[PDB]
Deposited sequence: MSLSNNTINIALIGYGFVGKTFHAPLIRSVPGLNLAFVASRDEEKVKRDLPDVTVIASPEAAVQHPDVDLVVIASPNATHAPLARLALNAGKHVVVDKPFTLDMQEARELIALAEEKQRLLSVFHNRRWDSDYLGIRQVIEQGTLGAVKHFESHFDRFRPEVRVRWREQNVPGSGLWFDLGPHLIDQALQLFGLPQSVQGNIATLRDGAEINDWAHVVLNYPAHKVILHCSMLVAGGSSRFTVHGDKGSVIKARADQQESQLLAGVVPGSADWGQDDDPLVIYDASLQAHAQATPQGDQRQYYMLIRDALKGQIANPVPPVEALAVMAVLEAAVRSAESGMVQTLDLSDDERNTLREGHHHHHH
């Protein structure tokens, strides 16, 4: 069994990590680092609460550390964990600096331990449905790929920083690294203080990718819109696993990851037909991390992939601030590794 020490029982720790981990056999959430034992124990009566994060990442019976503490503590605790010989999963952001990311990637390899980042959206119902239609050949060669994370919250780190990672990760998994990145980021809600509108375009040799998210969309947009030379596919509603976790649904239960919002496909005749959307399950992230730790498969989300996401994320910000199209700040070897990994 793999003994886990979850570091931090704040929103993310309690709402995402604990429930997912607890629902995955082969993993054992035995320790939780938190200054508030009662909060942890009312939910997890059988876990051991360790007050100090540093003490937690270095505990004897701990095999894997899941860092869900404040952003600024991710990099430090990760270093401490790897040096203590533990495997590590870091909740986004990996780090607040790419140089640190590279140092952590380097450290993990030196220490021969697994290092991964919580890019948990590769198994969403919407995404899986779209990837399926694309691989089916239904739309021919993809020329326009649009992905939205929109909602209506007129009542007032930023939307791009929070939602951009999901959008980017999915795009890189499907198409690999883009040639350039053009970004337009703004704060449009009256009185808001951080961006709530992000429109990012990723340029590829033969197609375009549009990543968009906004806090001001009462209705009318689609989670996914993809156009190819043989047809188009639209997925209206976004994967509802996050809303399920928010509601307290137990991961892996009957309606977990179910999506009754079908994929709408338009063929060359401009007519549409529906195609059932496959169920999603972000538990896959932990199931695969589990298998990787058992030597059954390679790390499902190697750290260089998280570095690639940061590169695009930061490139988009530079573009928005400078008004200039940007390239990715990745070394040739990193690009080589990412390219080869892309199968």
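Novice: Going by C-alpha coordinates, which parts of the deposited sequence are missing from this model?
Specialist: Residues missing from the model, as numbered along the full deposited sequence, span 1-6, 163-173, 361-364.
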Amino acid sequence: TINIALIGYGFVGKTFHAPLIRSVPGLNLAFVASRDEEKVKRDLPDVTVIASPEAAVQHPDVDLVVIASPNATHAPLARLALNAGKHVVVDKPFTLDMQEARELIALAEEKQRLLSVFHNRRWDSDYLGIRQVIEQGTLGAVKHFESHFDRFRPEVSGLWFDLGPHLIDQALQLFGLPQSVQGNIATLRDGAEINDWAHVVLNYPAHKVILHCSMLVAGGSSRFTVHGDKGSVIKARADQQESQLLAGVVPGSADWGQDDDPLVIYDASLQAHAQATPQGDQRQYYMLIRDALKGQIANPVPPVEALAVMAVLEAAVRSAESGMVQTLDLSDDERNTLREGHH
From here on, numbers count along this sequence of modelled residues.
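Novice: On average, which has the higher Cα B-factor in the deposited entry, 48-56 or 295-303?
Specialist: Higher mean C-alpha B-factor in the PDB entry: 48-56.
Novice: Would you tell me which stretch averages the higher CA B-factor in the PDB entry, 16-24 or 324-332?
Specialist: Result of the comparison: 324-332.
Novice: Pick out which of 271, 116, 214, 125 has the highest C-alpha B-factor in the PDB entry.
Specialist: Of the options given, 271 has the highest CA B-factor in the PDB entry.
Novice: If you compare 192, 171, 139, 181, which has the highest Cα B-factor in the entry?
Specialist: So the option with the highest C-alpha B-factor is 139.
Novice: Could you look up the Cα B-factor of residue 63 in the entry and say which third of the chain it sits in: lowest, middle or highest?
Specialist: Middle third by C-alpha B-factor.
Novice: Splitting the chain's C-alpha B-factors into thirds, which one does residue 279 fall into?
Specialist: Middle third of the chain for residue 279's C-alpha B-factor.
Novice: Check where residue 76 lands among this chain's C-alpha B-factors and tell me if it's the lowest, middle or highest third.
Specialist: Ranked within chain, residue 76 CA B lands in the highest tercile.
Novice: According to the PDB entry, is the CA B factor of residue 248 in the bottom, middle or top third of its chain, that is, lowest, middle or highest?
Specialist: Highest third, going by the recorded CA B-factors of the chain.
Novice: Could you place residue 290 in the lowest, middle or highest third of its chain by Cα temperature factor, using the values in the record?
Specialist: Tercile = lowest for this residue's CA B-factor.
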